[PDB]
Structures are given as structure tokens and as C-alpha cells.
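Considered here are two forms of the same protein chain, supplied as C-alpha cells in two stand-alone entries, structure 1 and structure 2.
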Structure 1
């Protein structure tokens, strides 16, 4: 199947075991911004659901399917590959919605649906939008979408911006500096200092921060889920040109994302921006091993290259240069292994 061909079994085992825990489903459900904004997107656009056929990709507890049922959907196919599928069925029955929500256990790349659907709903967003590679499952599911059918969410915007944060940089460098020791219990570790810096700086930093650390207006990269093919997400090239608003050290790039539910009645946005209330996605920062100095008015140009890997994540390459000085940084990050700060 498309899923198995792009995924190491070890990764998939761990992945679906994770989502098989009620505590993890609870953790997502209790993100009120997320869950509440999905409910608002679906109910405020009830006409996009009324008497329609719906596909919920990765239904987990079933919560989004219940929202579709509230909005008047005729039939909702709720596809879920983890053992959580059986718990969703328990809820469908206990909520007397067996006539409207049909749980389909399995991977959306592998199951058979009885009919085409009018609209697909999902919450496939990971850290930095793309982690977990579930957007590919979401896009894959369009094989079941009627022509002119809709996608909720409809588009995704990734935002990137340069930041200054000496404390974070030193925090990571300090951890790496353990391997600088020439006599740890009598052992010279220093030959590994380079490998250690590489490893620590390969970790994207997941937390939030004060917006005043951003040194330029963000650059936007948009994925249109109505138009995109899953293949489009195997190699994501994001060029950027920042006009520096402040002088200082650029320690790296900060990432966040918005998704929009573009319904018939209104467009509803779910944002993970640092200007907005915190979600369980927080924000993500990719550190440079060495910061770049820029003055206000300079331009910081480069590319963020995301290569999907078989562990359901991405290999991140960031290259950035201050155009006026040729000061350049290149970095490699492993999105699967973030530092939760």
C-alpha cells in the first residue's frame, strides 16, 4: 500500500500504538483552541455538512465525526488505523449515532469505502505542520472525494521567521559542551565534541516564545489541500527572503502554521502563531550551529528544504545567508526527534 511503501514498520508500530492511548486522545481533545476551533469551523459551516457524505481521516476518539453529525451530515465514514477505532465505536453507540457515523478500522490508504464523499475532514497537522506525514494520508484520501468536493482544513500556511535567542543557543551549546571535556573521570571526550554539537543542534526546539525575539516579518508557504497531491509533500522546498527589521544575531528560524477551513458560510482559521493562544503544537525553532549577524535593512535569503523520510517525519535542511555580507549558515535537522523545552 502507499502507506506501507513510505513507512518503516517500526515507526508505524510506535506511531499507531501512541494514538491507541486514551490519554493521548484526551491530551488532544483538551487542547481547547484546537477542538473548539474545529467545532466552530464545522458548525458555522453547517451547510457544507447538511445531508452530505463525509470522510473523517484518522478519527481517533471520533470527536470530529461527532461535530459533522451535529452539523447534519447524512453519513460519516470515520477511518482510524489504531486500536482507538474500537473506542470510537463505543462512543458512536453510546451517543446513539449509529445511523450517521460509521467507523472503518484501518489505514485510509488501505480501506474500502462504499461511496464517494462530499467533504473530507481531518486533523493531520504535526509539529511544524508536516511532522508525522499524515497530511499525505489526508491528501491520499481525495481518491474518495467527489469532484468539487471540499476539504476541512482547506489550506495550510507555514510561517517562518528569523529569531534571536542567545539563552536557547547557549542552553543547547552547554549540553553539547559535555563532550568537550578532556578528562571526564580520566577520559578525554573531546574527539566527539563535533558529533555532539551536530546531534544537539539537529533537534528542533518545541516551545513558545515572546514575539519580540522575531527579527523580521514572517514568510508564508501555502499548501492548498484541494489542489495538492500527496507526492507534493515528499520534497518541500521553501525559499525565503527576509527584510531584517532589527539588528542583531540571528540564532535561527522559527516556524509555525495556520490552517483555514474555507466553508460556504465563513472561513475559519486555526493558528499556532506566537501571537495567538497556545496550542499543543506550540511553535518550533531550528537553531543555527553558529548565529548570523545582520543589521536592520539587510536581507536574509535562503531555503528551507524538507525531505520526507520513512520514519514518518522530515529531514530538514536550512541554508541562510545575509545577502549584504555573504555570511552563510547551513544546518540539518531531524524533525522526528525534537527537544520539548
Structure 2
């Protein structure tokens, strides 16, 4: 029926929007001061991009971003939200005496109708590793409502990849799977499932933070320009990399983080989730290799990270890497939709 339903299994969508119907999940995001404070600073410090403008807010949740656009002087703000949080947003618009300026439109941005084109789109479509949730496509889809002059906040997104060494994280996977490597668990030999348990753990991206000293090479960057990208550009994301190793050791996988930039008429404001910056609710993401690769300082670690969109609002991750000087190769296949939250 719609672009959204064509690319999303019903069961995935139901669970997805039920999650966002809880005030506790809005609170979890809103209390991220880096996240909320930067969006406010990006909007208020570019007030001329909002003064007397028409605004579209894609996935407004409780409406916080629409209220910042109002604080910046917007004339009309259309706040679109598909979860039941839309009804709560309507309450806050009324209780804040902004019903003349903010219009909450319940539904998916791919399915609702707007009465007019807008001057700027604001949204927080970033999932962990940037691409999870496949909400960037809804952000890009919304450009059908954008005037030829239009701007977008965020304007661009950078995902960064870098190799890391973390022996303890790697070995932890086998410590957990070796539960199954015993010949008489209450009289039952479980060992035949040990290999399957290992594969299951390695398919999980690891969501948590880490010390930057585990990074073994300068990061590679892949940039999405939201003013120019099309929805189809995010179905197959190929990120070639060729790391020039700064340290010698075993490479256990690739670490991921992202930044977004609000490129306004007055200034550009950056929201970064890098491990060099204060922690956010996005943390960082690490994908292990099935087998570690030894690389000396000065060697090159080259390969590809391929992200293939699936109908569960996420991506299948294929990572291939080899040390050029030695030819030793490794790979992994990961399910971005089911990460392991390891932060404690």
C-alpha cells in the first residue's frame, strides 16, 4: 500500500512502534543531555533557518524537537509520529499553548498527507551504528514535502569504522558458548551444539563503549548527504576500507560510531557519538571477526563492510578483511537487529 509497508514486515513494525509508545522510552532519549542539548543548540543558534518558516518534524515522539523549532520562531510546524506517542504530543502542544503553531499528524510519514510544502525538515532518524531502524529512509522519503530551497537538520551523517583489539571480548564469546561443551549436563551430552552457540554469539554486534586505546588505525568515514541521497541509496551500503595500522597486534573486529552535522545559515553544529566524546544512548558498536588477524604497524588491513537492508527495519552486515602483507583473511556475518547490549 505504502513505501513503508512495502519494505517492512508487519510483525517488525508492530513491535517497533509499541516500543516508542512508552513514555519511559521517550524519557530515556530526552535525558540524554548530549542528544537533547545539541539539537536545541543546533536549532536555536540557527534561528534564521526557522524564523517564520514552515517545519516538518519526522518522528517527533513527544514533540520536543517541534518545541525547539517553536522556540526558534517557526510559524507552522507539522509534527508526524506513527506510534501512540502522537496522542501525548498533542497534549503537550495544548498544555504549552502552541496549538496555533504545532500540528501533530498521527501516522507514518510515508502515509500521511501534509497540506503544504515546508522550508526545513527536522528529525532524529539515527539508530545505533546510524543505520539501524531504517528510519533514515523515512527521513529521505519526507523530502517529497520539502521546497526546492529546503534544508534538513541533520544535513549529513558520517559513519566511522576502525579496527580494534580486545582479546577479552573475543575470548568471552567462547566462554559463553562452552556451556554446551560438556558430555553430561544432567546426563545429556550438549557438545554437538557448541558450534551453533559460537556462531550465534558472533552474529551479534556488541553495543557498548570502550577505551580509544583499543583502536589500531585511523578511522574510515562513509558519508550520507541527506539533502542529496535517495531512499534506494540505503538498501545496499558498501563501505570499502584500507586501514594503515598504527599498532601491531591482533585485530578482533571493527568498531562503529557516527556523527551528524546541522549545517545552518549561521553555523554548523555537530552531534558526535565517537568514543573520544561524552557517552550517548547510542554508545558505540563493535563487530567481531570470526578469527583475529595479526597485523604489524605499517601493514594495511583492507576489505569491505556491506550492509544489506532487510524487512525487519535493520541490516544484515557482511564484513570481509585481510592483511595485505600476509594474505590472512577473515570475515563475519552479523544481524544488526539483535545486538548484544554489553554495557554495565
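Rigid core here is just the name for the largest C-alpha set that superposes within 1.5 Å across the two forms. Numbering follows the first chain given and starts at 1.
Engineer: After superposing on the rigid core, which residue out of 189, 111, 90, 226 has its C-alpha displaced by 2 Å or more between structure 1 and structure 2?
Structural biologist: So the residue whose C-alpha moves 2 Å or more is 189.
Engineer: Superpose on the rigid core, then tell me if the C-alpha of residue 269 is displaced by 2 angstroms or more between structure 1 and structure 2.
Structural biologist: Result for residue 269: no, shift under 2 Å.
Engineer: Any CA movement of 2 Å or more for residue 179 between structure 1 and structure 2, core superposed?
Structural biologist: Result for residue 179: yes, a 2 Å-plus shift.
Engineer: Core-aligned, what does the C-alpha of residue 11 shift between structure 1 and structure 2, expressed in angstrom?
Structural biologist: Its C-alpha moves by 0.3 Å once the cores are overlaid.
Engineer: May I ask for the C-alpha shift of residue 199 between structure 1 and structure 2, in Å, based on superposition of the rigid core?
Structural biologist: That residue's C-alpha sits 1.1 Å away in the other form.
Engineer: So with the rigid core superposed, the C-alpha of residue 148 shifts by how many Å between structure 1 and structure 2?
Structural biologist: Residue shift at the C-alpha: 2.2 Å.
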